[PDB]
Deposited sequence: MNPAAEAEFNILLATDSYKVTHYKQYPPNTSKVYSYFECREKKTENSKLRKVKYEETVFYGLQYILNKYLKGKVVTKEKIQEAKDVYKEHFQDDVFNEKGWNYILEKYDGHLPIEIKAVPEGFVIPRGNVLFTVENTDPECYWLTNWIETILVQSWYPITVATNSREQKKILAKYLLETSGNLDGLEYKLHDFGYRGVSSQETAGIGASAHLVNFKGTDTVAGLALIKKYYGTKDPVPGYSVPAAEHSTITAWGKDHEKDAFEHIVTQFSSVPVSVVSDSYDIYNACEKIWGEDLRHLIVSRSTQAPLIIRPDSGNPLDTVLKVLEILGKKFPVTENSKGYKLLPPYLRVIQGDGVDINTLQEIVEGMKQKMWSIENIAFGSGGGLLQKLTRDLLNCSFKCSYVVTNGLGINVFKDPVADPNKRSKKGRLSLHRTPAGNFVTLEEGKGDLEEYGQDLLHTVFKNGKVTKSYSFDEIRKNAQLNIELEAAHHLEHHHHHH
């Protein structure tokens, strides 16, 4: 079982002896600091509140196990067994903490308060920063959702430019990162953060997380189609690649099917196997069940252009109303090797320069989508900004001399609409003056209970693009 007593950085165990004497309150906030990723999607906190923070999280056994571990870990007795016993006996193991947060799915510019944490009992002044480590891991669902939405921005721009509309935009970036992430739990969290912006996923674990912690009107959060891998092609033997292709397309004749075609020679497969030997099987296919040719190797842009050029000469190409070339509706393409936000931009721009519509293509991303991201990318940070000591509050901050980018905000914080409809974070309790209207943070957690929640449908609506609205 999970033990929140053992779910923190080791040094935090010793933090209670470091605060000034008579500290009654510790108040802290989370932000994506300014340093392009100018705006972030807030998503993932609700998962953490339910899975790890709500309910009876303290028991006598959990106190005892933390005791025994920390005695040997530090080779000394520094564990605050008294304060954890106080929480057990006084609150039946419920955390005396208040967390206020911007609604999930909201798109907020960099450098604004996203959530705040404070203790609701003077005796638990140390508890605020104890749970810093758990809460800061929200950087990851925030960064996946933000990085995924930025790629959707690129995709929407070139789809609209080459086709005249945004049809099928939500299926243009498909999650292929299950194997490429660091764990099963990461796969679920990251796939759900992708599904805030798109509908296509192969990481099954995201669907379960969404249903369990957020919910949707529809039965399934994400969708997928039948597809081949190298083992199901190569197992037929090198000389029988055509037999594998024919068997697979026939097996899924009425639904869309993706067939990786680069096992030996991608160019030969598109020109000779799909384009000649098996062309009859492809042309008969329905509009709703196209053959999706997937290259998996080589330079991502060079491969897509040569693949499209080959198919354009074996298959009937039309020109759409914007003047961009279109494969017949039974034939499409997916590029799922080496796709990240940077190469995605290079591919669609190169496709447009060669007059190919983005309608022809979808993208799969693995490591780029879920694994190649860090807390440093959006500068996610958690800092103390206000404490009460001897009954007097003081506005608290850091201001390192060698880096003004690491300066932290001062005092009690609030998030507001500006008169022009933008966002601003008010410092030093100044939101109490009511010059900017109402604080947009809501209490989402108080004294062990989740007090406000959002369905995954609300989050998706919140996270939409302007071009979509």
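Gaps between the deposited sequence and the modelled structure occur at positions 1-7, 43-52, 487-499.
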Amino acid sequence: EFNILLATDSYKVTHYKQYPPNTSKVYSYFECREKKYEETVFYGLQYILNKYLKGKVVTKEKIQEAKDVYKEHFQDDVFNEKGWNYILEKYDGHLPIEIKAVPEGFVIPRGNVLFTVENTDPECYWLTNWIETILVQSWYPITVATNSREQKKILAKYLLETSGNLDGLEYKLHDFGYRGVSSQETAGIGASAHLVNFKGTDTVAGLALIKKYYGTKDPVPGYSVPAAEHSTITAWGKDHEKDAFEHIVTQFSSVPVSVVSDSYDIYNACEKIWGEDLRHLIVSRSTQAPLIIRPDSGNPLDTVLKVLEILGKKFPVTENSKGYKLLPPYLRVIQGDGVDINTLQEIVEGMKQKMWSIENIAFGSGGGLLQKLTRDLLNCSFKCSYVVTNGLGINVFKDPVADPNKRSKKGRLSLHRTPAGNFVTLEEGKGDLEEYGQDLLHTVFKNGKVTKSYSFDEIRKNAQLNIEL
From here on, numbers count along this sequence of modelled residues.
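Among the other PDB entries of this protein that were compared and that flank it with modelled residues, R33 is modelled in all, so it is never left out in a third of them. As listed in the deposited structure, the average C-alpha B-factor of 213-221 and of 228-236 is greater for 213-221.
Taking the PDB entry as given, 394-402 carries the higher mean Cα B factor of the two stretches 257-265 and 394-402. Based on the entry's C-alpha B-factors, the most elevated value among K100, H73, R294, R179 belongs to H73. When the C-alpha B-factors of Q46, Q64, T443, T425 are ranked from the entry, the top spot goes to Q64. Placement of the Cα temperature factor of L415 within the chain: middle third of the modelled residues, per the deposited record.
Ranked against the other modelled residues of its chain, the C-alpha B-factor of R33 as given in the entry falls in the middle third. When all modelled residues of the chain are sorted by CA temperature factor, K17 is found within the highest third. Among the modelled residues of the chain, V69 sits in the highest third by CA temperature factor in this PDB entry. Split the chain's modelled residues into thirds by C-alpha temperature factor. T40 is in the lowest one.
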